[PDB]
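Structure record follows, encoded as structure tokens.
Residue numbers (our numbering), protein chains in the order written: chain A, 87 to 186; chain B, 87 to 186; chain C, 9 to 58.
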């Protein structure tokens, strides 16, 4: 039932209790909800959110670096096959030279 | 209800209690809110915020270094393809030499 | 100690970009060497044709 028992309902309950016991409730710290501005968040949760964001971003960066190095190895194997083909062509050229 | 039960309301409540029991409240440590300056934050939370900022900045630095090395590997593969093309051109040059 | 730790954190953060720029300069130097090798290839072609 807390999702419905917001702030204004609790304030009205406490105010009714006071009226039953002490009438003037505005005389002190307690403020009429009409002029109660919301609290100003602190830098702690802000920097905590920033740290969590940086951590998840580093996680995604590592995840992408994995596939990056995978593609790098694939391209390196392709280049090695290319070098093998070039060496075969050079072998054929040397055969032509020897036969001439 | 705490967001409305600020400092001044609590001070008024305590002052009313005192008046009911002890009249002169200003005689001692308790100060009239009019001349109560806010507390001076300590270096502890400051250095903690600084450490959190440095940590998140290092996280972002690693995240960027990931893509940096990825682009480096991509450029290296491109350079390898360039070297393969150069070797093919040199093979054609050697073929021209042998045929001449 | 807290100051030294945060300073080391900033030092690592800067070293990251430092090594990044180093790799960039190394790739640039590799492209330069490739251009030099192409020029030497053209020189060898001139030699062979002469």
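Note that CB positions come from ideal geometry on N, CA and C, so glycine has one too.
Evaluate residue 142/B with the Cβ neighbour count: other Cβ atoms within 10 Å of its Cβ, from every protein chain shown; 16 or more gives buried, anything less gives exposed. Taking the first residue of the second chain as position 1, residue 142/B is located at position 56. With 16 or more Cβ atoms within 10 Å of its Cβ, residue 142/B is classed as buried.
Tell me whether residue 12/C is buried or exposed, calling it buried when 16 or more other Cβ atoms sit within 10 Å of its Cβ. In the third chain, counting from the first residue as 1, residue 12/C sits at position 4. Exposed: under 16 other Cβ atoms inside 10 Å.
With a threshold of 8 angstroms, are at least 3 pairs of Cβ atoms found where one atom belongs to the stretch 21-33 of chain C and the other to the stretch 143-155 of chain B? yes
CB of residue 155/A within 8 angstroms of CB of residue 159/B, strictly: Taking the first residue of the first chain as 1, we reach residue 155/A at position 69. Taking the first residue of the second chain as 1, we reach residue 159/B at position 73. Going by C-beta atoms, residue 155/A is nearer than 8 angstroms to residue 159/B.
Buried or exposed: where does residue 62/A fall if 16 or more other Cβ atoms within 10 Å of its Cβ makes it buried? No information on residue 62/A is available, as it lies outside the stretch 87 to 186 that chain A covers here.
Could you check whether the Cβ of residue 136/B sits closer than 8 angstroms to any Cβ belonging to chain C? As a position in the second chain, residue 136/B is number 50, starting the count at 1. Judged by the 8 angstroms Cβ criterion, residue 136/B is in contact with chain C.
Determine the burial state of residue 116/A: buried for a count of at least 16 other Cβ atoms within 10 Å of its Cβ, exposed for fewer. Residue numbering aside, residue 116/A sits at position 30 when the first chain is read from its first letter. Buried: at least 16 other Cβ atoms inside 10 Å.
Taking the Cβ atom as the reference point for each residue, do residue 183/A and residue 170/B lie within a distance shorter than 8 angstroms? Stepping through the first chain from its first residue, residue 183/A is reached at position 97. Stepping through the second chain from its first residue, residue 170/B is reached at position 84. Taking 8 angstroms as the Cβ cut-off, residue 183/A and residue 170/B do not qualify as a contacting pair.
Is the distance from the Cβ of residue 138/B to the Cβ of residue 106/A below 8 angstroms? Start at 1 with the first residue of the second chain, and residue 138/B comes out as number 52. Start at 1 with the first residue of the first chain, and residue 106/A comes out as number 20. Contact: no.
State buried or exposed for residue 4/C, treating a residue as buried only when at least 16 other CB atoms are found within 10 Å of its CB. Any property of residue 4/C remains undetermined from this structure, which presents chain C solely from 9 to 58.
Closest to residue 88/B by C-alpha separation, out of 162/A, 87/A, 113/A and 100/A, would be which residue? Counting from one through the second chain, the residue named residue 88/B turns up at place 2. Residue 88/B has its Cα closest to that of 100/A, out of 162/A, 87/A, 113/A and 100/A.
State the Cα-Cα distance for the pair residue 125/A and residue 136/B, rounded to the nearest angstrom. For this step, residue 125/A is matched to residue 39 along the first chain. For this step, residue 136/B is matched to residue 50 along the second chain. In a straight line, the C-alpha of residue 125/A is about 24 angstroms away from that of residue 136/B.
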